[PDB]
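Everything below concerns the one structure shown next.
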Amino acid sequence: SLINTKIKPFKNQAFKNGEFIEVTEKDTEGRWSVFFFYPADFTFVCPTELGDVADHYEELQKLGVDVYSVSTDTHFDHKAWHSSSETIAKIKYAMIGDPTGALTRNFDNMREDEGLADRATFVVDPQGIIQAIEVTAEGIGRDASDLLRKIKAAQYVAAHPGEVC
Amino acid sequence: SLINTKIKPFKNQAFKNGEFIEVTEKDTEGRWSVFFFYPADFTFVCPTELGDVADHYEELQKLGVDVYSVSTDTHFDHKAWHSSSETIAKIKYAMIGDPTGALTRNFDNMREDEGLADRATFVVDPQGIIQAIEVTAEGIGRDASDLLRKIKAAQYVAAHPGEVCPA
Amino acid sequence: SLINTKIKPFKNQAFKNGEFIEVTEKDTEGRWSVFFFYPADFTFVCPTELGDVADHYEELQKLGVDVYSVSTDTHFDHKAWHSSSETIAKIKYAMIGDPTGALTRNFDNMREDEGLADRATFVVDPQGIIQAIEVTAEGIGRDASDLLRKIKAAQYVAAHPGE
Amino acid sequence: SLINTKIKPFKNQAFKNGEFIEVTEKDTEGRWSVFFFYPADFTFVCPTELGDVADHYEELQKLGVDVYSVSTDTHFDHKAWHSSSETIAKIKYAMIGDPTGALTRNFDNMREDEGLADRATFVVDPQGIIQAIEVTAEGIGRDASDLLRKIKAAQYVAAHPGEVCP
Amino acid sequence: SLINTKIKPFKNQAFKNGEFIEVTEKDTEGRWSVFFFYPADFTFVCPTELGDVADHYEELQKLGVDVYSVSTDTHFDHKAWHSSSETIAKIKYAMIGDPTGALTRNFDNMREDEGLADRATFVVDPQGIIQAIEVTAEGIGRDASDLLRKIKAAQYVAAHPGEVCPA
Amino acid sequence: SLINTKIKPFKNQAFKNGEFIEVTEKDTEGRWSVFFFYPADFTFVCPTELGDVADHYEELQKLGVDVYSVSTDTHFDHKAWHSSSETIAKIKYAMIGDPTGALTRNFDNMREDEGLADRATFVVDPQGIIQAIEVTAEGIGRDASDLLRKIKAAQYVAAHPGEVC
Amino acid sequence: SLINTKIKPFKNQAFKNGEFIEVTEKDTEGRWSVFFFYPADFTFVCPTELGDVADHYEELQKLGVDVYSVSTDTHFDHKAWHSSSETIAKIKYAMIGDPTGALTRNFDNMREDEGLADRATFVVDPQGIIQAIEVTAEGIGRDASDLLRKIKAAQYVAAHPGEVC
Amino acid sequence: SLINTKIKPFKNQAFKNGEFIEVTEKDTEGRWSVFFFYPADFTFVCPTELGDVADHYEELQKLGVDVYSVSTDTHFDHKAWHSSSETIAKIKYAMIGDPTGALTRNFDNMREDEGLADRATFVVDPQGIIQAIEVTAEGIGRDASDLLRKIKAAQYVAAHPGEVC
Amino acid sequence: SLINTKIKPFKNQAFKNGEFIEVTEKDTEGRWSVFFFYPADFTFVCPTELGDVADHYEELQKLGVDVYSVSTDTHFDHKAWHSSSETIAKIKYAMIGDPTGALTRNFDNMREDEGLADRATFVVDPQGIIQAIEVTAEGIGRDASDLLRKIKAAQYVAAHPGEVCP
Amino acid sequence: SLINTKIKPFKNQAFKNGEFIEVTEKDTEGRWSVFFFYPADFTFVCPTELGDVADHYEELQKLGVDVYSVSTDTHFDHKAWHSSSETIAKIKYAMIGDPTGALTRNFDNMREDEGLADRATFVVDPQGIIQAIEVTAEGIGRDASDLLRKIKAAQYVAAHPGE
């Protein structure tokens, strides 16, 4: 598994609050990060998962947790989806475009016969170590609350090593 | 990741309710399965992840879901752990022993430098397809409630394809 | 080089006049085909290259020529772009999505460090033979009228060998 | 593709306005270049494609654009063809001979079964980068006027980068 | 075989008299060692091979010989076994846990299709040299007396080279 | 290890009671066998180990156990050692000559830098499976009695599978 | 050396006084053939090597010998040269064009650096065997006469096998 | 073709009228050299190819040209033949023996099947460049005269670089 | 070694009593053979080694033993040497020429730096098996009489297998 | 082939006139050496080849020539054979044991399917160059007198180059 391994370098374009920015692993150093992968923009299914996370963004930003959603679509596709869907409109975190598939492959999360990323979520600590991984098939939603619980538990463990039980 | 792939064949010994049985993939066919991996028997750590799943074992069974916990310890170690801890005593589902690590590796869940499996839960459908994967570092904890919600969502989706919110 | 070579097999989803369909090389057998690749949907560059081919579409259908535009975006992105841009809404031909990049790599037309296809147009005959190729860097536009000319000429040649 | 790649070093003999010269990639550096390949000298083929580029040469020169025609024939063959054909005689640009096939292969444009180059045109910028490619089958025809439009467009873009759509 | 080669470096956790310690090759330097490998803790089999060695542990210690039993179970499993069986309770020497199987493999003693070590005893001298090797199938049994005789012969031979019967 | 593995084919010349015979794995099928390796004939150390075994030969033959001693010396060397040493003279079992080293390598028992076999003893059952292995450095003798005990225990286990304890 | 080996198959377009034809190894089968290679058409070098062969063409055709000139130029280039040079217009044999260079390479006669064949002459018997080779650097000429003497003697040995001395 | 390439280094024993010498590429440096190859000594074939070269030897030595005959026989074989054949005794140039076949192979002139060189003649300028090659099958002869004409013309181009037409 | 190995197929031209013949491994089958290699024909070297084998040829023939001398020289060179030397002229056995070096290499006896075979003698039995080998440096000398003793011994052993020591 | 090649380095134990010694190539440097290989100790074949070399031993020592017999048996087997056979007891030169077969393989003289060396003799000069080789199948004996002759001749040649 990738559990307990260090994320790999990357450099991608992203759409964040009306602006196009460049994101690299440098931007994640010293921070808690959530890499939220999904297959494709503009599909016919409502983006509730991406919306759930947007609903907890403020609380996540309070926890010092940056959020990066990722699909193999471009940041141009992301900008357009943001201004055409009420749910995606709520998104304030960075929406990374990964058309080369490199970020997705770094996380071993590519459906090679589709060129689309699987529904996986990765929690990465300040040293770049993956502490939690969640992957689900279509239809099985990822609960943003449970994600919050894990990130809080992970942050605790980092501050209280040796959770005596 | 292994999401959406078919589980690989396996043959392991296990301890289930005072008995030693053999478990293979044939045992999972036609059924929903949860494979619950943990690092080591007799560990000072809160056997909290194993007990909570034992608690919801009633519901799971109502839903036609079989449960298998797995560690690189042997079934003999499982039997002994079962009759030495009250928390582990509640377990009525099979406790698989994976000393060769083949089951753990089939699910790409081995901590190679420790010879112990990582804390991971897998949901497998009746056709052997992995529908949900969860892996966490020590101390983070897997919520058996969120698991139940996922299983029911997986079952719902298998019965009613295409009934998700329209954009 | 690809000139005078046969196109490779492919299977991709596309958006065509309101519907999602599957397109494969078998759909080109016995027909004249134009594969029009471009970089990305929704960019700030003038959608003029795609819209102009659309203007000449009815005429191309009259000559028995099918048109397929291709980008590494999905057919979902294409549908969205088609209903949000007026120039793209004019498109009645198939907009192929190539997220795996296989169709693009078949025509050796991928910018590997971007994951986007280069601006290239290919003219393919009924036997699957590429008779014309045009590739341009960004900012240099492809002329639909010149494409039309080359297509009519390709057809003449086919019907009147040597001259 | 070769699109957006830098041309490769080369050294060939060429016929240009009565004299024999030697062309290398050094001559193209810092200039806009058009490499116009064709199959063979002395062919029934309506030399209309080469003669038409000649018709735009004066304007091309005025824009800083050199032109080189290339065939796998020798520069000797080019001299001869240039004196026996009225269309070819209108040519004032260099006529490169590529009998080793090297130049043609650098541009991946050899018909390996015939030993002749395919009908292709390449626009190369001052830094050696290919900005436009065009290849056509026998009898289809390249439009010198469209070539001109492409060149102006490329020159325009080199000067005004990131020209968004108004 | 490994006869006459130097043991390889290793780092394992162990259980020794109610404590968890770390054992490495540095621990064996300058000492005589017996590495006693067995297949699995909590096994119904006569813990007879492990108890007899515990009995002669007194003499061995008189001779400056350290003892280490090893199985692919963890130290946690060893602790539990130690406080659940009277026979295993007699053990006062280190019980090494080898879940990664690296120690077992260093001594080329792994049953690969079981993930369990074979019944093997190794005698290692102060310089790390393997002087005696014994491996037996299940049911055959290793005699701790013959072991003692070998160790004393190995010690005698190290102190008095060349004093063997003349032909 | 070689424990629980099947012996490999071999074909060697041997010296047995005044005669030269050929031994192959065929001769071991259906029988219990002991392969007793030693480094070299005619050395200056008394062959007590080979003699101990000769002392128990009769009892071993009663148990249906064939004995084959082995060194990389020839059967010619063996014949000569037999008629020149009182201890080796007592030997009635076959003394295999292995100058090619093939039998010794089959049992992974060659000291490659010496061309001599190590002091190893292998107990093989009727199906050709190795059930016991004993290897010792020079000076540490192999006790023929303990060998008898193991062979008897191994023969028991074969007749009473599942030694309930 | 290719001396005494059999020519390799080939198919080339050629110009034979007025029209375009295709020459193959078949055209040579059961016939004496002379392959005359030269570097390039329309060259400032006096075609004395090509025209001098033409002169002996009548005598050659009588002996049952065909002539093929060969250069890496095309047959189109050949027709043009045959109409702009008196020396060349004298040619009645086939002028083979070899732009792929396969014919030249079949005879290992290519100046890989220039993509032009060297000045070489070959004599091939009816069975396709090369009986005489001649190569010269630009300047040293190839004797028309000598070529004839060679062919004559070559043909003698043809009917009268080795005439010992 | 080896035409226009530089000869390769070589060291061979040779017989030059009466004595044994060693020839090297050095002996050729700054000198016009002619390498005359033939299949074998003491052959039933009339040495008209070797003796006829001898005749023009005086004229050749005048032009500053050396002659080396070459066969895969040894120099010992050469001395013997030079004393049992009038035609051969006429030879005053060096008769190189090439039993290893390196000299012949340097000139790609070996009949690998017979281990004998082919009937070939080479002209090498002072800079070591081969200017003329000639190979013939047994029967077709090599013209002494022609060889001379070649050398003469070859030397003209030497001082008077390319004399355009 | 080559000792106890079967000779390899071969085909060479040889000079034998005035005529040119062709020898192949077929001729050695069912016979006892001696392959006597030497460096070169016409050498100052005292032809004493070859002449001495000649001296025993009559007896060798009487025992069913053919002899073949081999050098990398041609069979032509052998004819000549045979007529100009009184020692060589005493030879009635085949003189094989091995200019390709093949035969010599089959017996792994080529001095690769000289293109000449080393001074070696091989005794080959009716089944093609090499029973005796002898190689010596220049100037050491092979004894034809010892060769004879070896051959008789080999013939004796082929007839009386396993001749223990009385 | 090995003729005119230099012997390879080796290190082996031997029995020599009552003692066990170590022999290496360094012991041959600057001396004339005879390596006499044979199959096996204690066989039923007549020990005549070894005993005859022994008869010529004093003379060989007089010429500055060392003799080493070699078999794949150990030096222990050699000692035993030397004290049990009268023909072998005559041996005063070194009897090398080659159980690893390395010395034998150096001289490419091993019968791989038997693990015994072939009957071969090599004459080595002070510079380690093999000047003479003789190999024979079983039953065909090697003559010590002829060996002596070749050795004296090898020496002449060394002292009088060309003649």
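Within every chain, numbering begins at 1; the chains are lettered A, B, ... in the order of the sequence lines, protein sequences first and strands thereafter. Any value given below was found using the heavy atoms of this structure, including those in side chains, with hydrogens, waters and symmetry copies removed.
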Q.
Please classify the contact between E:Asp108 and chain F as side chain, backbone, both or neither, with a heavy-atom cut-off of under 4.5 Å.
A. both
Q: Sort out for me which residue in E:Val124, E:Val65, E:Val53, E:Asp66 forms a side-chain contact (heavy atoms from CB on, under 4.5 Å) with E:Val34.
A: E:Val65
Q) What distance do E:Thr136 atom OG1 and F:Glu134 atom CD have between them, rounded to the nearest 0.5 Å? A) 11.0 Å
Q. Looking at F:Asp146, F:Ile151, F:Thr48, which makes the most heavy-atom pairs under 4.5 Å with chain E?
A. F:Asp146
(Q) Using heavy-atom distances under 4.5 Å, tell me whether F:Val157 contacts chain E through its side chain, its backbone, both, or neither. (A) side chain
**Q.** Main-chain N/O of F:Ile88 paired to F:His82 side chain as donor or acceptor, under 3.5 Å
**A.** yes
Q) What's the spacing between F:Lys11 NZ and F:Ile96 CD1 if we round to 0.5 Å? A) 13.5 Å
Q: Could you tell me whether E:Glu58 and E:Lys92 have a side-chain N and a carboxylate O separated by less than 4.0 Å?
A: no
Q) Among E:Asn109, E:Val164, E:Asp143, E:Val45, who wins on heavy-atom pairs under 4.5 Å with chain F? A) E:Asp143
Q) So what's closer than 4.5 Å to chain E heavy atoms on F:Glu86: side chain, backbone, both or neither? A) neither
**Q.** Side chain / backbone / both / neither for E:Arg149 at chain F, heavy atoms under 4.5 Å
**A.** side chain
Q.
Given heavy-atom pairs under 4.5 angstrom as the criterion, report whether the side chain, backbone, both or neither of F:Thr87 touches chain E.
A. neither
Q. Contact part of F:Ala154 toward chain E, heavy-atom cut-off under 4.5 Å: side chain, backbone, both or neither?
A. both
Q) Does some side-chain heavy atom of F:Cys165 sit less than 4.5 Å from a side-chain heavy atom of E:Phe44? A) no
Q. Okay, side chain of F:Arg119, backbone of F:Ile140: is any donor-acceptor separation there less than 3.5 Å?
A. no
Q. Of all of E:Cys165, E:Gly162, E:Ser145, E:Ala153, which one pairs up most often with chain F through heavy atoms under 4.5 Å apart?
A. E:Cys165
Q. Can the ring centres of F:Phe10 and F:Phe35 be said to be less than 6.0 Å apart?
A. yes
Q. With only heavy atoms counted, which part of E:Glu163 is less than 4.5 Å from chain F, the side chain, the backbone, both or neither?
A. neither
Q | Greatest number of heavy atom pairs closer than 4.5 Å to chain E - which of F:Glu163, F:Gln131, F:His160 | A | F:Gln131
